2 protein chains.
Amino acid sequence: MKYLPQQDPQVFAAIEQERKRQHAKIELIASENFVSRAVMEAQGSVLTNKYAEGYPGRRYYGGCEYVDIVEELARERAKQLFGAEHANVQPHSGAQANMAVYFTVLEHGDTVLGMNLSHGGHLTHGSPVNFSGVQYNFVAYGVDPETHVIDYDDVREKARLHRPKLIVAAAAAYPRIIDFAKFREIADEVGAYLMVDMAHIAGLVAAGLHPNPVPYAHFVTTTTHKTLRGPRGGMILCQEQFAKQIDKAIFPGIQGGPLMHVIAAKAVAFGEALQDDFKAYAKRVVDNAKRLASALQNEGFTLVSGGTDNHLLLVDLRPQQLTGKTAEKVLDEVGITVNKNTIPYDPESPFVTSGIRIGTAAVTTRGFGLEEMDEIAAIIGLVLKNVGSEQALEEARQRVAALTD
Amino acid sequence: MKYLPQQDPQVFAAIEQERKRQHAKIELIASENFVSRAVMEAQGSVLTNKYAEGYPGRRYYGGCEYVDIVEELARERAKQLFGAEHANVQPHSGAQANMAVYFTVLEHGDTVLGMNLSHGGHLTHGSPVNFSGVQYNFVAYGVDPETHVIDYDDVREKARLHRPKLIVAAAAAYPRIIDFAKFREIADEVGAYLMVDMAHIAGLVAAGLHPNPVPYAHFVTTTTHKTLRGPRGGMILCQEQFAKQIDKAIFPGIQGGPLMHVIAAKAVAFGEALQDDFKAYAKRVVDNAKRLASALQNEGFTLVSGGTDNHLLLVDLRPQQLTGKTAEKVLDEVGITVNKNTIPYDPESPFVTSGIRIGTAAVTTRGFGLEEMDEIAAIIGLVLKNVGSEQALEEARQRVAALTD
């Protein structure tokens, strides 16, 4: 940076602390990643200055010729990545992407069927303190109490009992492949739309490592910042038949001016995702998650669902008589960043929990591989088996430092 | 830029076109401005990588120590700028800022009283194709048919008849000072909350050039990108008594992860606004708008309300037998960017209109002053009085080029 250090010493000092933090810690938050310098440059561009309500070639402001090129690059690259008929790259966030789909097809108080929030569902899939659960009547399907895999007979029974207008598939914390074909079959049986929120797995879908929901869903939502490794924001994919309605839901429905600089950054990220090296990266994410899962099991940890098919895993800490809160805190002390996370049928509140959620997207981006996964698992074992030993924690600290350099 | 040109030639070429465009044109879109290089650098930072749901010291992710410093800088500087008891700097946009306030105090179908959209009100103040008009029962107050000033007796009568739960004051296209004291008096009479949407005038308020709504309103919303000259985004100000409720409305209510890099950019912009030179800038914006208004009148144009008290003006093109659409198109041909805009009691649709909206915030930022205002007015006169003369339009083109260099 050149201008920020002089203009704002306070903001610059904090940014620099954060930059150094991102390098020093082992970042295992499943929803996080590290964007490229090109992506950041796009976000840091003069495109922030441009009002561009509307869509390419159909704006409500003059002078949009060039931001139009940018938005269309984003849309076309998204379509190439996911084989979707239509893309809307304007959503400010995952929240807004989901909000727009709900706004498109639902009226206030309509019934929606989503994944149980304490089994892996997201806040925006029906929490009673979120717009989703306040505006619409959410009911939930669960995972099997033993396998922790989605119970598709429960999906079906809930759908048939409650007659939802919309079924939501996808998750904030589900370590296995989701069967989109079965979701569409059930949706078809009850005459419900299917929305798939692929936010977590979007990069894996792009790389052909998770089945693509696009052929099965009426609407696919996603964030651009998780496994897709793009800027912070949202996106909606759908078939041409819903294009007009979806676009109108975003504007003038729920948003105003789009963030054109962020949309530029989305285009850049989609460009990166179209490259061969991204597919290799995504495979390493999945390989690393499996290896980390296996290595954690070797250390004596129980994993929700017994492993992983994707970028993320959940440790069930009950055998160690630890809460997720306790584990999260102590791992923070040694420089490993995880989330506490409810496990299916958790006896604890969502504020305490019996689990931790871990993902490999970020560490993979920094070049970590199988050997590093083994070491991460060994450090976690050292820490969680010796929470009362300051000597053990200092050893862990030193081993974390050795990994990050 | 260093990395974007190599990584993405297509995105870079379009960004560069846009950058050159912003320099070449006379940008009179009233809601636009040019942010500093420091603001852009903040947006282009690694803060995009950080999940930080929650608030400073009360997050749902570890490792937020530094993004917390950034968010608190934004909040504290906002409070200093506006004398508010509480700030929420997380809203992704003006849309989301307004959405959150509505979510806080209203239930589905509650009555809200806002400014007539064709008299200056914003889309989010009750359009039937916007969430505001779909989710809530909006009624409207108008301006006087002759003076084009808000009719406060109409505000009062509508309030007393319809018994709104909430009254919204502020505008996308109102060229005069708004009397917030009278709005609060009326709100008090009918037991309604008062929300002021100061998006357009926020920079003028910060500089003491428009009365501050903070002392009078329960909630103040704003965008950060108009006269405040900051990054694209929103903000909510309120008294401490509503702080918890407002914060909960933003998260977990209507948003997820905040855009921490944009929040950094907000802090930077607020830092800039706290400087003496910003107050001088804001006075020039207002001085320039008055001078441009006067100069347009000298050219024979009629202005809505007969002039301006702020950064923006509206030309009533009926005396020239022109529509706003026609004027917008022809001005585009010579390199002047304006919006078509409805005038109060417009005989034309919002898609055609009888007016153009002009603002001086952007040209003032680039260093334009009174002499430039005279020339802009003269060029507009030349163009709009000779729409059929290609020679006149080429002269205008050359004069526009002379202004921008």
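Residues numbered from 1 in each chain as written, not as in the entry; some residues may be left out. Chains lettered and ligands numbered in written order. Heavy atoms only, no water.

In its metadata, the entry names X-ray crystallography as the structure determination method and reports 1.67 Å as the resolution.

The name that the PDB entry assigns to chain A is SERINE HYDROXYMETHYLTRANSFERASE, with the source organism given as Bacillus stearothermophilus. Quoted verbatim from the Subcellular location (unreviewed entry) heading of the UniProt record, the comment on chain A is "Cytoplasm". Under Cofactor (unreviewed entry), UniProt gives the following word-for-word description of chain A: "pyridoxal 5'-phosphate". (UniProt positions renumbered as here; feature names shortened; annotations may be inferred.)

Trainee: What should I look at first to understand the sheet that holds strand 11 (residues 302-303) of chain A in this one?
Mentor: Sheets are built from strands that pair by backbone hydrogen bonding, the pairs being arranged parallel or antiparallel. Residue and element names in this part refer to chain A. If you walk across this open sheet you meet the four strands as 11-12-15-14, and the pairing is antiparallel. Two strands lie at the open edges of the sheet, namely strand 11 and strand 14 (339-341), each paired on one side alone. Inspection of the sheet shows strand 12 (residues 312-316) paired to strand 15 (residues 355-359) by five bridges, in the antiparallel sense. Within strand 15, the residue paired with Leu 314 across the bridge is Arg 357. Running over the sheet, helix 12 (residues 276-298) touches strand 11, strand 12 and strand 15 and is turned about 15° from strand 12. Against the sheet, helix 13 (residues 324-334) touches strand 14 and strand 15, its axis set at about 50° to strand 15. (Pairing = 2+ DSSP bridges. Helix = DSSP H or I, 4+ residues; strand = E, 2+ residues; numbered from the N terminus. Contact = heavy atoms within 4.5 Å. Axes fitted to C-alpha atoms, helices over the stretch in contact; angles between N-to-C directions.)

Trainee: Teacher, can you tell me more about the pattern of salt bridges here?
Mentor: For the structure shown, the criterion picks out 46 salt bridges over all chains. For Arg 59 of chain B, the salt bridge is made with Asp 68 of chain B, and the minimal N-O distance between the two is 2.7 Å. Relative accessible area serves as the criterion here: at 13%, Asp 68 of chain B is assigned to the buried category. Note that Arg 399 of chain B is salt-bridged to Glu 375 of chain B, the shortest N-O span being 2.9 Å. Residue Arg 399 of chain B is found in helix 16 (residues 390-404), and its partner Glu 375 of chain B is found in helix 15 (residues 370-384); the two are separated by 24 residues along the sequence. What makes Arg 399 of chain B partly exposed here is its relative accessible area of 23%. Given a relative accessible area of 22%, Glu 375 of chain B falls into the partly exposed group. Here the residues in one salt-bridge network are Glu 18, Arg 21 and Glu 27 of chain A, joined through shared partners. (Salt bridge = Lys/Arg side-chain N within 4 Å of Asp/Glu carboxyl O. Buried < 20%, exposed > 50% of the residue type's maximum accessible area, 1.4 Å probe, protein only.)

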